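# need a 3D model of the following:
(chains A and B)
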Amino acid sequence: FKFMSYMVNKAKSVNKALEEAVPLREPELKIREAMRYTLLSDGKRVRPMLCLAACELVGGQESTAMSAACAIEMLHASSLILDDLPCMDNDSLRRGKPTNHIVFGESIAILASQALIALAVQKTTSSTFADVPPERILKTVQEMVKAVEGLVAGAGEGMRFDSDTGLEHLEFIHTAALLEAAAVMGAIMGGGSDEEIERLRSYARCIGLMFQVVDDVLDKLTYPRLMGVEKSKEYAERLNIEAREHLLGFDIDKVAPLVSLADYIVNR
Amino acid sequence: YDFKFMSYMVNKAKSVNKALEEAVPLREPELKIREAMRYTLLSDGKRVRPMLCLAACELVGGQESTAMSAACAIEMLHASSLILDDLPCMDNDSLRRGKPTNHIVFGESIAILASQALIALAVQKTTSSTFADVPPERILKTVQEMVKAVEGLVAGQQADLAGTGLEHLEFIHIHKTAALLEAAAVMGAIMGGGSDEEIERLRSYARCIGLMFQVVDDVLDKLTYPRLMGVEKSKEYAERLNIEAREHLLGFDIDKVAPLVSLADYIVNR
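Numbering: from 1, shown residues only, chains lettered A, B, ... in the order given. The relevant structure is shown in the block below.
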């Protein structure tokens, strides 16, 4: 389907706004090259793509959220430069053959991740575009830095014995902030009502969660074995239903792309 | 040794510290990540940058009230970068001032997390300012000033890693050491109501005083300043810096500028 199309187009459209955000120049230069090595590899720009979406959805236009969108992907890149560190997951190679720190060193990787965190902010914060009331960018950056916090953050509590019979029901409790951010920033920039902004953050959570439920199905703690694939799957579809619910309120003519995104997730 | 100033510098420091402590409470969760940030952040300073921020507010006719979130921010960012530079990957320093560093108490994994939470909280706290008795238009200018600071730090941390009159040390120093100082001055200047020119005069002052710290410390003694110079010619650089700094303050109210002059005084009189 074309949802892939258009989906593909946004991604190409984004990839170009990205390559100009971070060009080649001497000062400083490698940090800029390290930035691109991770930032401009092939990836589904889901996060930025969702930003533009949320913007168009609330009655704005794609280019206004473009630099919000560009930053939310910058934060993404800053994070997994850091996640692939030995201190953290220590994934020697992911997607790319080597990871950033394996090519450039831990020192240079870490630095690059910071340059990228500064840059993202500068861009959303680069005052810009539609000359959206600056009162508004604030909330945008706010929500985007609010993101990096819950990103750092990323059981028990309950127990019962039926006795009818040997039941012993035990309950537990248990990220994807960049996704919510993307959604929210975009809705902000495109001129969103407080309540549309929150509808969209609810949505972003649901599809955030059903991404990894679905990916785990494709295979310490996983999402398999606990419960069941038959179970994990239904879970994911229940989420897809909720995501639809949060889309209720918006004009019917514009929710198509987010309805479709949702479905693209679980339909694998 | 000057009192009143110290009295100044101290009461001011206490105000900031109280402001910091409450900005980062010990509440769960990430308990040992709020714990890791607090360890470095709440550790005793040396709260010049926040002072300078606050001073620069008052000088351009603002209240200490207005620039406190900003003052916290810059000291947070100081912390965040400080944690990062200590990392084995980078300067590799187990101890600082007799106590041991963040990552030898919490491990590299948490240290890094703590610095990221700090740089994220730093930014947040400029924008998230009450007393919005002030237009949001130059809260934004404040934020970009903190951005530049961060690029300066990166720039500078990166140059530090390059193990005859070469003197790029000045570049290193400005970029890392002086940047936060300049950010302090300016972010405070901005919040206060300052003209774009009052601001740059402060930015220059902040830079002279920046330089002048590192020149004098080197002296009260892997290239350092007195060696490429010779012990003395460093010591006039200081006072040349010292004067230049003072020049930059000419034009201001000769009352409200007392601390910034006195600050310069203090430093070179070592």
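# who's in contact with the nearest residue to residue A:193 once chain neighbours are set aside?
Leaving out its chain neighbours, the residue that sits closest to residue A:193 by CB to CB, 6 or more residues apart in numbering or on different chains is residue A:58, at 7.4 Å. In short, each C-beta sits where N, CA and C put it, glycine included. Contacts were defined as CB atoms under 8 Å, 6 or more residues apart in numbering or on different chains; by that measure residue A:58 touches A:186-187, A:190-193, A:196-197, A:200, A:250.
# now, of these, which are buried?
Buried members of the contacts of residue A:58, counted by 16 or more other CB atoms under 10 Å in any protein chain shown: A:186-187, A:190-192, A:196-197, A:200, A:250.
# got the residues of the stretch 1-150 of chain A near chain B?
Applying CB under 8 Å from any CB of the partner chain, one finds that the stretch 1-150 of chain A approaches chain B through A:27-28, A:30-31, A:82, A:85, A:87-88, A:105-108, A:110-111, A:114-115, A:117-119, A:121-122, A:125-127, A:134-135, A:137-138, A:141-142, A:145-146, A:148-149.
# how about 7 Å then?
A:28, A:31, A:82, A:87-88, A:106-107, A:110-111, A:114-115, A:117-118, A:121-122, A:125, A:127, A:134-135, A:137-138, A:141-142, A:145-146, A:148-149 (CB under 7 Å from any CB of the partner chain).
# make a ChimeraX selection of the buried ones in the residues you listed.
Of the residues of the stretch 1-150 of chain A next to chain B, the buried ones can be selected in ChimeraX as follows, counting by 16+ other CB under 10 Å:
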select /A:28,31,82,87,88,106,107,110,111,114,115,117,118,121,122,125,134,137,138,141,142,145,146,148
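# of all the contacts of residue A:58, which comes closest to residue A:211?
The closest of these to residue A:211 turns out to be residue A:200 (CB to CB; 16.3 Å).
# sticking with the closest one, tell me its helix or strand.
Assessed by DSSP states H and E, residue A:200 sits inside helix A:194-217.
# what is that helix packed up against?
helix A:177-189, helix A:229-246, helix A:256-266 (3 or more CB pairs under 7 Å, 6 or more residues apart in numbering or on different chains; DSSP states H and E).
# most tightly packed of those helices?
Sort the helices and strands packed on helix A:194-217 by mean neighbour count, taking mean count of other CB atoms under 10 Å in any protein chain shown, and helix A:177-189 sits at the top with a mean of 29.
# so that one, near chain B or not?
No: with CB under 7 Å from any CB as the criterion, chain B is not reached by helix A:177-189; the gap is at least 10.9 Å.
# relative orientation of that helix and helix A:256-266 in degrees?
170 degrees (axes from the mean of the first three to the mean of the last three CA atoms, to 10 degrees).
# run through the neighbouring helices and strands of helix A:177-189.
helix A:46-57, helix A:66-83, helix A:134-153, helix A:194-217.
# okay, the angle between that helix and helix A:134-153?
Using the same axes, to 10 degrees: helix A:177-189 against helix A:134-153 is 170 degrees.
# thinking again about what came up before, got the CA positions of the helix holding residue A:200 in PDB?
C-alpha atoms of helix A:194-217 as PDB (Å, rounded to 0.1, in the frame of the first residue of the first chain):
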ATOM      1  CA  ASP A 194      -4.900  21.600  25.100                       C
ATOM      2  CA  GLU A 195      -7.300  18.700  24.800                       C
ATOM      3  CA  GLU A 196      -6.300  17.700  21.300                       C
ATOM      4  CA  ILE A 197      -2.700  17.700  22.500                       C
ATOM      5  CA  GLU A 198      -3.600  15.200  25.200                       C
ATOM      6  CA  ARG A 199      -5.700  13.000  22.900                       C
ATOM      7  CA  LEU A 200      -2.700  12.800  20.700                       C
ATOM      8  CA  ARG A 201      -0.400  12.000  23.700                       C
ATOM      9  CA  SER A 202      -2.700   9.100  24.700                       C
ATOM     10  CA  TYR A 203      -2.600   7.800  21.100                       C
ATOM     11  CA  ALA A 204       1.200   8.000  21.000                       C
ATOM     12  CA  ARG A 205       1.400   5.900  24.200                       C
ATOM     13  CA  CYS A 206      -0.700   3.200  22.800                       C
ATOM     14  CA  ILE A 207       1.100   2.900  19.500                       C
ATOM     15  CA  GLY A 208       4.400   3.300  21.400                       C
ATOM     16  CA  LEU A 209       3.600   0.300  23.500                       C
ATOM     17  CA  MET A 210       2.100  -1.800  20.700                       C
ATOM     18  CA  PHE A 211       5.300  -1.300  18.700                       C
ATOM     19  CA  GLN A 212       7.400  -3.300  21.100                       C
ATOM     20  CA  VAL A 213       4.700  -5.900  21.900                       C
ATOM     21  CA  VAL A 214       4.700  -6.600  18.200                       C
ATOM     22  CA  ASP A 215       8.500  -6.500  17.700                       C
ATOM     23  CA  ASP A 216       9.000  -9.000  20.600                       C
ATOM     24  CA  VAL A 217       6.500 -11.300  18.900                       C
END
